[PDB]
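Contents: one structure, followed by commentary.
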Amino acid sequence: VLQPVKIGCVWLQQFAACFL
Amino acid sequence: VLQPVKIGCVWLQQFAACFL
Amino acid sequence: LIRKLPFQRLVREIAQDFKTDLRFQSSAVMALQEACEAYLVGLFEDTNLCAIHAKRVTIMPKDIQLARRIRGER
Amino acid sequence: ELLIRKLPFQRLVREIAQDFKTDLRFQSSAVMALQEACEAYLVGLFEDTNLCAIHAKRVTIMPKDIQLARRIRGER
Amino acid sequence: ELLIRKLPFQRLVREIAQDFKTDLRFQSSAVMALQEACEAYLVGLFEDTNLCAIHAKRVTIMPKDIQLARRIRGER
Amino acid sequence: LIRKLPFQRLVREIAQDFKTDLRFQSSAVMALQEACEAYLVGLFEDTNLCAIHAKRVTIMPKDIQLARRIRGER
Amino acid sequence: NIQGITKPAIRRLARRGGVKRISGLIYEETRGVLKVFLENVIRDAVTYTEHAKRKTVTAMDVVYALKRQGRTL
Amino acid sequence: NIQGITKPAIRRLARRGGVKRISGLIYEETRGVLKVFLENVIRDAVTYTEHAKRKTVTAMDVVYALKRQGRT
Amino acid sequence: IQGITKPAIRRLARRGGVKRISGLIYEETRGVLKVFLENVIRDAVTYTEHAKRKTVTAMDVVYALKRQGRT
Amino acid sequence: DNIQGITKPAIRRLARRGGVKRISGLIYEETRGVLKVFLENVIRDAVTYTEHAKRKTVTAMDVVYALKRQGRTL
Amino acid sequence: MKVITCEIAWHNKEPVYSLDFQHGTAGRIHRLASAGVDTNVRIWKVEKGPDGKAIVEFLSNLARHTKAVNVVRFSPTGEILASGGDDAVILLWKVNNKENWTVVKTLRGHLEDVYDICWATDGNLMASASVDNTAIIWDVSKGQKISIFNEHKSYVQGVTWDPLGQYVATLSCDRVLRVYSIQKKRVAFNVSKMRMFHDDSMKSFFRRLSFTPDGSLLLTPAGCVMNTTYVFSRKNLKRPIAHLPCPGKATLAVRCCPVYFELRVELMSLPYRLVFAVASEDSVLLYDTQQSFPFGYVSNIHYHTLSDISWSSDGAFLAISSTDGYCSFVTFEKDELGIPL
Amino acid sequence: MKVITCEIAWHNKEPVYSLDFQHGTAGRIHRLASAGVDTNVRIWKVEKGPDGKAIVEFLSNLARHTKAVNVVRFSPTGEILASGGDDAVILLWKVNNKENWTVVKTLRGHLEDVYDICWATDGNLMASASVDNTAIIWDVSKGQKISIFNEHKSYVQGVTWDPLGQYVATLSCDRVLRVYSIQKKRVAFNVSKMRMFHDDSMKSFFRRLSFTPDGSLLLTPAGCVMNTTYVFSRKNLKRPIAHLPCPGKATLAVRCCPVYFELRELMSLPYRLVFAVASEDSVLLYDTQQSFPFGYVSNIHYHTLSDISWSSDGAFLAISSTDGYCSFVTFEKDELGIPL
DNA sequence: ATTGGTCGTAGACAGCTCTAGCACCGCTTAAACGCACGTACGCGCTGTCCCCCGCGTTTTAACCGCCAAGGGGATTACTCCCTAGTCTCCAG
DNA sequence: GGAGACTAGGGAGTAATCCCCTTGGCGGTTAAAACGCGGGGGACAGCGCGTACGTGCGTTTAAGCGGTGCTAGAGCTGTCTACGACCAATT
């Protein structure tokens, strides 16, 4: 079955912003 | 079969032309 | 073989319903005439079929609505 | 849902396959999908014929009405 | 100009007739019309099959040819 | 779906081959386009049908000569 | 207008359809069937001709409508 | 019934059909071809006869049928 | 082909809302069952050979639905 | 000389639609030949029907009856 | 006169539809062409024998036509042979099988059975009548169509060209005649009520009417008053001067001898008289300009409906064709019809 | 925040295609409408429970549609409900099953699946996008077609109306964006190359892009670099200022909350706007000022997502998938930010 | 009655099919290119309007006989509603 | 292996099924008229056509070699050779 992974409010680094 | 009836040159009256 | 101009202004009036100022070329006019005549002959033939099926010589609308429900009309 | 036994359907499928060409394997998922589509279509024409008979004002059914429906479809 | 045995043909077409509708009277003219249609279409079909077999490079003819031609025809 | 300008050139050239002082409709021209498309593709499925019976994949003219003789348009 | 589907015209079209005996109410239920299916077919036809950026319907639109209605001819 | 056509008749009609070497099973698919062909023709003949209210099938009925499928 | 059991036909009929059923129903039901079976398998193998495959797949029957218009 | 307007890759991809994989280059010329002869055939009847409506311009309806004559209605 | 019946099948027992003599002939031997269901146009050599009976000699076979041929026409100069039929293609044959013929121009544009063709006096303009409800004017030198007449509402089975080159006379199955002025290219006259002609029940595929060789009068067969053949005039084409009574079967063919005979009730008043032939379904009546009653009548010579008749260049031969596959000829001795001008 | 997934089939185990909240709502309870293959449009009553978790209450069923329904839209005033689908009939439902709805005008003229509908700010103008390769402008009061945009060459799976009422943003399946000036009634801009967007391989039937509620910026999903979401501006629509990378599956939906939040930068204005982006199996939550996403929810639906919707106050964020199940995102009092 | 038409047997080998053999010209880029496609737009022009008049064939109304859709009732016929072995599909 | 189902089978009974008015709505009849067919400007305003534009992905040559057409030799088989019997067939 699926194993839920939930991340709370951290004020993820794999999705860091990339600019051009 | 057919029975040929031939009429020679007589210089018939059943076909006399009627004018208008 | 419906009469030409009564059918054509049937089509014209029922085309004006969607929006006015619609021009139809005679080519498409006889095309839609072909379409209507084909449909009507087919439906009439199937009505005759289901009518002799209904074991009555005279035609009945119930045959018509039958054909519709089988032909997916409603 | 399913009301037709899998094995008779599969064996007639294999019968027609070996009539056409051998070594044509049939997968279970495709077999069941084709079978359920089969049931859906047949029941669809079935109540089609049912309504036909309803117009025929005779509650009992006789297949010539079904053949009328066939030529309505124009299948043959 | 016929070769199929004419009264066997008449009995064949008659027996087909009473398979659908009983007591159908046929005259010589209808039988010969059915004939002429018969030999016409069969000679056309065999013309077709022979030329196709010539395309096949094979002297012998086998019904893969006739099935080929009919799948051309659209009859099925 | 095949191409437009060369086929319009074809139809115009054959038209002047028939007779000059004639006009074509754009819609009629494209209609002729898909008509020829369908006819040629159907011929070509016939081609495939023969070649498979010819038990060869690649095709030589005798396939399409069959196509035509067998249906006998020419 | 809508009564343009003429009664003896209906009669002769039924004749060509092989109809035996004809009643009155058919003479306007035929108007109903004609109007509704033409509504449908000229609907998708005007849509098809709108795809062509064309302000006039074509026989092409009509024939595609017949394919969509399963009466290709 | 369908056996009204004999195998030697099939062979001779094939022979003047331009063929020389023939297999057996042709004698049976030809009967299927013939019945498939004739059913449509006889059905159209029945339709035309009912249109004309003539119980007997006529030569001109068959001729106009053959015109309808286009092999007059 | 006999595998389509007649009591199955009758219970599917009972689902279809019919009340009294003539006996000779079964044979023609089976016949028009197999004609569409043949049409669908023909279209299926037609797509399959273009796909260069030998096994039936649900995509084939989906395309059969699309072609016959029963989708 | 617009006949050559039907090209190698176009015919190759029509073949792809046709149901073949491998076709030789020697078929392109016969393809244009069959195309031209049967467009001749169809457009003859097309121009006849066009003249029937006192028309100096062809219509898309004409090719319809042309295919009906040829037995390939669409 | 003498009548000789051809009891040998010209086109392998298939019905014959048309006959035409070489208008370019100027001696005793005349060239005759026949059309049949066998898709072949046979030109024969027709000449009187030692006893005066007609003799038929086969010359050429013309099988270019894919389907049956209904009408065959020679040029007024005899150079070019016009042939069209079921395949609806008009072939202009030319002398390039005892002899050979080749098609010059392909005058296509017709759809189905072409029934009547007429040659203009100059030979450069064509009138073609076909089932397709139209008559097309062609250019012989150009080989291309130039005019269209679509006013016909039924099977067009008869057409002729005015020798004066002013109008065009057409007969269609709708019992309606249509006259087209060659200058305006529109309908000049139209007559339908005196019905005026016979309906579709008449069993001949042809309604071939022809103008008088001078063009003064038009002879229209297949009329109804009983079957008759009405006569019109250039002065008034909307009213018949007289009609020729032919009770029984309907007249279907009208042909006029191209030889002007001297005068020996009168239909038209000029110092010359013209002898023409009218063929019904099973009878042929021979009239002249001056006499109301016919001076010749031959019947019971063919087992089926007659199809076409043709006069020779000198008038010594009158070929008759029927639908039984057999033809016949009428032979007149030296100036038996009359003294030519 | 909290995420609650609806585990009861809304439309009898059939895929859900659209969701929309009543823009006319002004309190705590919001009205949500759904579209499914069951040819029925279900309006639900959505309100927070005592614990704050989302609670869904069924209100009405709209079975007038003969075929499947792909998009359901509420008017900005919430009065009229727009619904079109496989039967391609745009219904203008009105409040006349706990409640009832009735169609006002029949905005017919489309052929098959109608995928994206956007209401104009005035509510008297409609933008219609469907597979039929065209965009049709309608008058709500008139109920009749007035303009046509059929320049699209593929499946038109995304359209939005400019809040400023100047342009029309359309996304088609041909990886080409088309901008239509509202006054000229012609194409204003054409951008296809930086391909930029995803080809037919993307499995979502929708390409729903939406303008920023002020209209200054345009957010387009289903892009390529890899799958990403490009950002455009009114100043220049022929070059994206930046793109938000979304590795994994392609983004398919862009929805912006209609509530303006105070600043706690893609565009430089004293207010920030929080918008929701739905991919095939993941949802990323961004804001105007912060480039990186401040929220991310995934592994909550077993199949591809179809549509998302913000509530009137921004307290609800509905999520719809193709597995027949839906989900919601619940924020506490002004968790996203301080409203203006 | 007989009389030609047919049928079924026996095997020689002619030839369809299978395997082995062979070469050669469709894929498969890489690069040149070109016309295919898109709009304007002035120029050509074709379809046309549509009225009435011309005029004329068909439409419509009503009649009157009468054919048939349907009712009534007697008539048979066919799935109950289990009864029971079975048999085989599917689970263990 | 073992448990639902089906296949084989009486009962009658409700459901088709054919007969008998039976009348009322429908099939031809008539008079004319009323729209049905048509054609003719009118050029006004609708329509396509050619070509220019550009520019870009489809079109063209070719390597190139190897998957596919082409040839040899089986080689083993089902006709069609002759025939001896039946055998339907015309009258």
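We number chain C the way Swiss-Prot does; in order, the residues shown are 62-135.
Every residue gets a Cβ built from N, Cα and C, even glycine.
Annotated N6-lactoyllysine per Swiss-Prot: C:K80, in sequence order, evidence recorded as experimental evidence. For C:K80, C:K123, the entry in Swiss-Prot reads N6-(beta-hydroxybutyryl)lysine, with the evidence type experimental evidence. The annotation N6-methyllysine is assigned in Swiss-Prot to C:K80 (among others). Feature annotation from Swiss-Prot assigns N6-acetyllysine to C:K80, C:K116 (among others). Summarising the annotation, Swiss-Prot assigns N6,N6-dimethyllysine to C:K80. Annotation comment: Swiss-Prot describes C:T81 (among others) as phosphothreonine. Feature annotation from Swiss-Prot assigns phosphoserine to C:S87. Swiss-Prot lists C:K116, C:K123 (among others) with the feature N6-glutaryllysine. Summarising the annotation, Swiss-Prot assigns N6-(2-hydroxyisobutyryl)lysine to C:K123 (among others).
Reported as a whole number, the C-alpha separation between C:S87 (phosphoserine) and C:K123 (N6-(2-hydroxyisobutyryl)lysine) equals 36 Å. Straight-line distance linking the Cα atoms of C:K80 (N6-lactoyllysine) and C:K123 (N6-(2-hydroxyisobutyryl)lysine), rounded to a whole number, equals 35 Å.
Using a cut-off of under 8 A between C-beta atoms, the modified residues C:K80, C:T81, C:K123 that neighbour chain L are C:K80.
Here C:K116 (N6-acetyllysine) comes close to no residue that lies at least six apart in sequence on the same chain with a C-beta under 8 angstroms from its C-beta. When the alpha carbons of C:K123 (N6-(2-hydroxyisobutyryl)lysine) and C:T81 (phosphothreonine) are compared, the span between them is 36 angstrom. Sorting the modified residues C:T81, C:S87 by the number of other Cβ atoms within 10 Å puts C:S87 first. Secondary structure from DSSP puts the residue listed as 'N6-lactoyllysine' in coil. Among the modified residues C:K80, C:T81, C:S87, C:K116, C:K123, the ones with a Cβ under 8 Å from a Cβ of chain D are C:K123.
C:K123 (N6-(2-hydroxyisobutyryl)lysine) falls within a helix when secondary structure is assigned with DSSP.
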